[PDB]
Amino acid sequence: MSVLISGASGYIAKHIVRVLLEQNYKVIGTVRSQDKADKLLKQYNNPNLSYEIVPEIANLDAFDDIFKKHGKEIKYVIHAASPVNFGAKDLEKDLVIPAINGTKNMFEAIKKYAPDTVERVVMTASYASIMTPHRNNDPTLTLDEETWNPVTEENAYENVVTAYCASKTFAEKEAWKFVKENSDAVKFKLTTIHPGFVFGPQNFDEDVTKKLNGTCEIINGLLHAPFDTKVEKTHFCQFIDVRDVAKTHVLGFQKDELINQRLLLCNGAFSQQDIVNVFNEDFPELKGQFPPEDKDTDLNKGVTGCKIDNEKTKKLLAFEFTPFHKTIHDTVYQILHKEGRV
Ligand SMILES: NC(=O)c1ccc[n+]([C@@H]2O[C@H](COP(=O)([O-])OP(=O)(O)OC[C@H]3O[C@@H](n4cnc5c(N)ncnc54)[C@H](OP(=O)(O)O)[C@@H]3O)[C@@H](O)[C@H]2O)c1
């Protein structure tokens, strides 16, 4: 009945492991080093948790050793490992290759060592594999769970943004191709999850560092910006709360109606200024210690960019998503409280 989760040291994955342990699952995470495994075991202090070391998901047959050891006990797989940080001049090596190869490696290990034992795979894709980046600001485009990012391998590396979005798109395409080509050989059913920009508190307070890795540094950077910093008030993207994402991953292998589904996890548009506005409304005593409030944002003028049709996703998951204001508030409170400022 064990659950394997790849990339278990990350921002989203630490919340997923929390949820799994809340529900009494035995959990095997993969992390890059013994260092990280040791630190995590001390943070969770839970005997149902263990880690295996996978230093590089891109390398040959990277997940085989896990299934040679645990193949008989792994019933569910959450494939969450894909690069979010990467060298801007190593867009294949650091980004597209590990995204794709990590996915192929996970699925091929299941096929080779546990084709009839693994029942469900839940893969973290992205809003990036559904949306068209250059139409982020186009309200005449409506996206739903069947829409695909049309980026080509030829044009994928326009910039770091298109390249990351292509890494998610190409990896997810390979995932569905595998499931189509192996429906007779392997038992597992695939569910993919497609978060927008993920915000919300770190799973552990102690992991709030001066500079955050990943998407929450958007918030943390604005929170510490000098008062006179120029803040953009134009549409940035869609967001989703990390705790909604984590809850969805676990439902993803539990609920029969999520089999073969792409789940579009966005809950609203924002600009940098909409984030800053929460600072000023919710922590008025600190006004002046970060950039000021300005209600003139795209969002407040009814400008939210390409449209999100995720009614099917919301109906299947059934639970209400966390509103933007709370997600930002909880992120900011955790930082300011850790700093002793509130
Ligand atoms: N807004 C978001 O944050 C967002 C939105 C949509 C989808 N996602 C997807 O959610 C998943 C986790 O993202 P995150 O935001 O939680 O970022 P994160 O904190 O950087 O987590 C990424 C995890 O994957 C590991 N990883 C990445 N590349 C690896 C590689 N080549 N080999 C071995 N391990 C590797 C990382 O380990 P190390 O840190 O040790 O390298 C880490 O454990 C990813 O699949 C991401 O594409 C994120």
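FYI, side chains are in, hydrogens and waters are out, and symmetry mates aren't considered; it's all heavy atoms of this structure. Note that the numbering runs from 1 along the sequence shown for the chain. Whatever order the structure lists them in is the order used to number ligands and atoms, beginning at 1.
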I'd like a table of donor-acceptor pairs (distance under 3.5 Å, sequence neighbours excluded) in which one partner is a side-chain atom from residues 62-69, with atom names and distances.
from, atom 1, to, atom 2, distance (Å)
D64, OD2, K112, NZ, 3.1
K69, NZ, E52, OE2, 2.9

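Put simply, the residue from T331, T327, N267, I328 that forms a side chain to side chain contact (heavy atoms under 4.5 Å, CB included) with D241 is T327.
Taking the six-membered ring where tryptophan is involved, the planes of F199 and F239 are essentially parallel, since the angle between them stays under 30° and well short of 60°.
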* When you look at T124 and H249, which way does the side chain to side chain donor-acceptor pair (under 3.5 Å) test go after all the steps? -> CA-CA 8 Å; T124 319; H249 275 79; 2.7 Å; yes

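Protein neighbours of ligand 1 below 4.0 Å, counting non-hydrogen atoms: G7, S9, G10, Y11, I12, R32, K36, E56, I57, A80, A81, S82, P83, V84, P98, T124, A125, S126, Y164, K168, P195, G196, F197, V198, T215.
Side-chain atoms of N182 come within 3.5 Å of backbone N or O of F178 as a donor-acceptor pair. Side chain of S6 to main chain of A81: a donor-acceptor pair is present (N/O by atom type, distance under 3.5 Å, no hydrogens or angles).
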